[PDB]
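Single chain ahead, written as structure tokens, the form deposited in one PDB entry.
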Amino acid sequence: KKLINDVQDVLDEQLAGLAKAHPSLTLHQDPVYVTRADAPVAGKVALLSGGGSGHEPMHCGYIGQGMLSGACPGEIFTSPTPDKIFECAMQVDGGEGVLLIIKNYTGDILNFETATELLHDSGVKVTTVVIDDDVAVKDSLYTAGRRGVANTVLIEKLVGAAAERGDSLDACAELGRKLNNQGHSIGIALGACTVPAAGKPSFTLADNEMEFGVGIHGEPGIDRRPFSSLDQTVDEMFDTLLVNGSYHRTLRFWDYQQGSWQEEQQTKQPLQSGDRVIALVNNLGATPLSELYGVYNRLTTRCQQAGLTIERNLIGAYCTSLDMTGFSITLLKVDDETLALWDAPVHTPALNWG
């Protein structure tokens, strides 16, 4: 049961609605991508992201002043192909370079890496930010690292304010990478999503089961455990953020000066007493907004007990998984300079403040 017409047409119809609804956005065709109406903006770093459809408002909802210059939607839960990304970046280059924000998945990484090389060869100054905030990893053989989830939104906003303020390409990439090392996420599901071309949900769950450590692509989580109460659920999530906070991994970034990928080992420290944070209680798609307030209520108690100070918050549907019933919690460690970037103007379909 989905509000769609023909299955071949679902995205054409939804992107048509997006363009008609938002005069500040330009829907480009052949290939299809979205940019701010006034892109390219001369003399500022352009910010680009993209990924599968089915995460609305991520990413097209974040295109506008103080956030993304453009976004490349793909098929449902499928990365965009290098051609969209190439053309989108060429469309938004304002003479100061383009920063690509890439969520850590195999498809996304491959496609965005391919476009990056293609761009550099056409003389576009470009570098990259990889997001890998989801702390839930199944104990098995593999490989893919940590997934990029809701902290992508917070980094997009903070790096967007830096770009808009007029920071250089390198300063913007450096902030994005630093913030990646300081943001932590975990998601749960009480019910699965259904992809239009399915006719049945991603997975099934008994009435007393939750899927713990879930992504954004409808995938089952790292395991099935009992669902007992909101407080218990929030408590296991918050505890996991702490115990899985420490993380060492190899990441690649495009070095445009040398025309090659620079590998780096990077370390995340866990959140500690005394840290100041931005909290995102993110709807995965079909949870009542009221329940998210109940989650926020418990989250503040656990933060207070652990010595964490929530400085700012976002509560709502910011990075979704179609019609999945569940939510995620993201905590991102900030300071005075980062808070000032948060409070800066943003004028997008999904986030607006002045």
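Residue indices: 1-based, along the sequence shown. Rigid core here is just the name for the largest C-alpha set that superposes within 1.5 Å across the two forms. Only residues modelled in both forms are compared.
Discussion item. Does at least a third of the other compared PDB entries (those resolving both flanking residues) leave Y105 without coordinates?
Written reply: Across the compared entries, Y105 is modelled every time.
Item to complete: Answer yes if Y142 is missing coordinates in at least a third of the other compared entries, and no if every one of them models it.
Response: no, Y142 modelled in all other entries.
Worksheet item: Hey, which bit's got the bigger mean C-alpha B factor in the entry, 151-159 or 223-231?
Response: The stretch with the larger average C-alpha B-factor is 223-231.
Fill in: Between the two ranges 262-270 and 110-118, the one averaging a larger CA B factor in the entry
Higher mean C-alpha B-factor: 262-270.
Worksheet item: With respect to the C-alpha temperature factors reported in the PDB entry, which of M67, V34, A306, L314 ranks highest?
Response: Reading the PDB entry, the winner on C-alpha B-factor is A306.
Worksheet entry | Residue, from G176, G145, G215, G74, that the PDB entry assigns the highest Cα B-factor | The C-alpha B-factor peaks, among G176, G145, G215, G74, at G145.
Worksheet item: If you rank the chain by CA B-factor, which third does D38 end up in: lowest, middle or highest?
Response: Answer is highest: the recorded C-alpha B-factor places it there.
Worksheet item: Which third, lowest, middle or highest, does the CA B-factor of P201 fall in along this chain?
Response: Its C-alpha B-factor belongs to the highest third of this chain's values.
Worksheet entry | B-factor third for the C-alpha atom of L241 within its chain | It belongs to the middle third of the chain when residues are ordered by C-alpha B-factor.
Worksheet entry | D170 by Cα B-factor - lowest, middle or highest third of the modelled chain | It falls in the top third of the chain.
Worksheet item: What third of the chain, by the recorded C-alpha B-factor, contains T194?
Response: Top third by C-alpha B-factor.
Heads up, the form deposited with a partner chain bound isn't pictured, but that's what we're talking about next.
Worksheet item: Quick one: is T267 in contact with the partner chain in the deposited bound form, heavy atoms, 4.5 Å cut-off?
Response: No, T267 sits far enough from the partner chain in the deposited bound form that none of its heavy atoms falls within 4.5 Å.
Worksheet item: Quick one: is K200 in contact with the partner chain in the deposited bound form, heavy atoms, 4.5 Å cut-off?
Response: Taking the distances in the deposited bound form, the answer for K200 is yes, it comes within 4.5 Å of the partner chain.
Discussion item. In the deposited bound form, does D275 come within 4.5 Å of the partner chain, counting heavy atoms only?
Written reply: Taking the distances in the deposited bound form, the answer for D275 is no, it never comes within 4.5 Å of the partner chain.
Item to complete: Evaluate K157 for contact with the partner chain in the deposited bound form, applying a 4.5 angstroms cut-off between non-hydrogen atoms, and reply yes or no.
Response: No, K157 sits far enough from the partner chain in the deposited bound form that none of its heavy atoms falls within 4.5 Å.
Worksheet item: Want to guess which of 212-220, 238-246, 159-167, 174-182 is within 4.5 Å of the partner chain in the deposited bound form, heavy atoms only?
Response: Flagged stretch: 212-220.
Discussion item. With the two forms fitted on the rigid core, I'd like to know which residue in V243, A197, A206, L141 is displaced by 2 angstroms or more at its CA between the shown form and the other one.
Written reply: Shifted by 2 Å or more: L141 only.
Worksheet entry | Sense of CA distance change between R224 and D139 in the deposited bound form, threshold 3 Å | Farther is correct, given that in the deposited bound form the C-alpha spacing of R224 to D139 is increased by at least 3 Å.
Worksheet entry | Direction of C-alpha distance change in the deposited bound form, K268 to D139 (at least 3 Å) | It is closer: the C-alpha separation of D139 and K268 falls by at least 3 Å in the deposited bound form.
Practice prompt. Run through the residues found in both forms and list the stretches of 3 or more in a row whose CA moves by 2 Å or more between the shown form and the other one, fitted on the rigid core.
Written response: Shifted segment: 138-143, the only one.
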